[PDB]
Amino acid sequence: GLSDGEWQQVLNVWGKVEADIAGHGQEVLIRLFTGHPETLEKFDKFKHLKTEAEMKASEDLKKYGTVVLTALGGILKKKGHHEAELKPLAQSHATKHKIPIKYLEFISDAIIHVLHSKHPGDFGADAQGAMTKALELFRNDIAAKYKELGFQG
Ligand code: HEM
């Protein structure tokens with residue numbers, strides 16, 4: 001439930017993500033996996049990566065890092081009109097990957113952090129404002145969707 005103003009903000013800030021998607025993304029996931037060792041077990045793909053280095057050295061993680069941030073990017077552009085984009089990802093993240101709504105909070109926090117370390121001084125307060133809001137409005141809907149399939153509650 002954001003406005004144009006805050007949307008513009010989400011789009012502009014995102015414009016920084018675009019310039020280097022695999023970069024932002026590698027790190028997004030690397031933070032997640034490091035700060036929450038438990039998330040990495042849901043990936044038969046990266047369960048092996050013990051070290052953070054072994055994580056940086058891996059191009060597999062870069063690649064997914066891309067899928068991740070491009071689909072997300074795809075949704076933000078919809079400006080809340082993302083029912084179409086969200087669902088498939090809700091069901092898939094729910095019934096198949098079995099991703100607890102809290103894992104979506106972890107990563108949501110992953111982004112916001114990454115945006116800073118990566119852009120220290122150009123990720124203004126109103127931008128952070130805007131960035132939290134859409135990740136929220138996005139968490140919200142998955143959750144609405146997750147209550148449906150009755151996954152964790
Ligand atoms: C903005 C949040 C996320 C987005 C947009 C996203 C997007 C995607 C997409 C597009 C796929 C491939 C197609 C599909 O299976 O539907 C996928 C697969 C997957 N998702 Fe995510 N994802 C997100 C966060 C997470 C999180 C936090 C976890 C759990 C730690 C997770 C677990 C997985 C796994 C394990 C796969 C498949 C692994 C494999 O390829 O073997 N996702 N995700």
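Just so you know, residue 1 is the first one in the sequence shown, and it goes up from there. Keep in mind that the numbers below use all heavy atoms, side chains included, and drop hydrogens, waters and symmetry copies. For ligands, and for the atoms within them, numbers begin at 1 and follow the listed sequence.
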Look at atom 26 (C) of ligand 1 and say which protein heavy atom is nearest, naming residue and atom and giving the distance to 0.1 Å. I99 CG2, 3.8 Å

Can you tell me the protein heavy atom closest to atom 15 (O) of ligand 1 and the distance? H97 NE2, 2.7 Å

Which distance, rounded to the nearest 0.5 Å, do you find between the NE2 of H97 and the NZ of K42? 10.5 Å

At under 4.0 Å between heavy atoms, which part of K96 makes contact with ligand 1: side chain, backbone, both or neither? neither

Considering only heavy atoms from C-beta outward, does the side chain of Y146 approach that of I99 to under 4.5 Å? yes

Among all the protein's non-hydrogen atoms, which is closest to atom 1 (C) of ligand 1, and how far away is it? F138 CZ, 3.5 Å

Indicate, as side chain, backbone, both or neither, the part of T39 found under 4.0 angstrom from ligand 1 when only non-hydrogen atoms are considered. both

Show me the donor-acceptor pairs within less than 3.5 Å that the side chains of residues 134-141 make with the rest of the protein, sequence neighbours left out.
from, atom 1, to, atom 2, distance (Å)
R139, NH1, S108, OG, 3.2

Measure the distance from atom 30 (C) of ligand 1 to every protein heavy atom, then report the residue, atom name and distance (to 0.1 Å) of the closest one. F43 CE1, 3.2 Å

Side chain, backbone, both or neither: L89 near ligand 1, heavy atoms under 4.0 Å: side chain

N/O separation below 3.5 Å, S92 to ligand 1: yes

of all protein heavy atoms, closest to atom 4 (C) of ligand 1 is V68 CG1, 4.3 Å

Can an N or O of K45 be found at a distance shorter than 3.5 Å from an N or O of ligand 1? yes

Distance to 0.1 Å, residue and atom name: give those for the protein heavy atom nearest to atom 9 (C) of ligand 1. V67 CG1, 3.7 Å

Aromatic rings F33 and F43: how do their planes relate, parallel, tilted or perpendicular, breaks at 30° and 60°? perpendicular

Considering only heavy atoms, does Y64 approach ligand 1 within less than 4.0 Å through its side chain, its backbone, both, or neither? side chain

Check: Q26 side chain, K56 main-chain N or O, donor-acceptor pair, under 3.5 Å: yes

Heavy atom of protein inside 4.0 Å of atom 28 (C) of ligand 1, strictly below: yes

Between the main-chain N or O of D60 and the side-chain N or O of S58, is there a donor-acceptor pair closer than 3.5 Å? yes

Relative to the heavy atoms of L72, which atoms of ligand 1 are at a distance of less than 4.0 Å? 1 (C)

Under 2.8 Å: N/O/S of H93 next to atom 21 (Fe) of ligand 1: yes

Is a side-chain N or O of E6 found less than 3.5 angstrom from the main chain of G129, in a donor-acceptor match? no

Test item: side-chain donor near acceptor, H116 and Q128, under 3.5 Å: yes

Residue, atom and distance of the protein heavy atom nearest atom 35 (C) of ligand 1 read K42 O, 3.0 Å

From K79 atom NZ to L2 atom CG, the distance as rounded to the nearest 0.5 Å: 11.0 Å

Taking the side chain as every heavy atom from C-beta outward, state whether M55 and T34 have any atom pair closer than 4.5 Å. yes

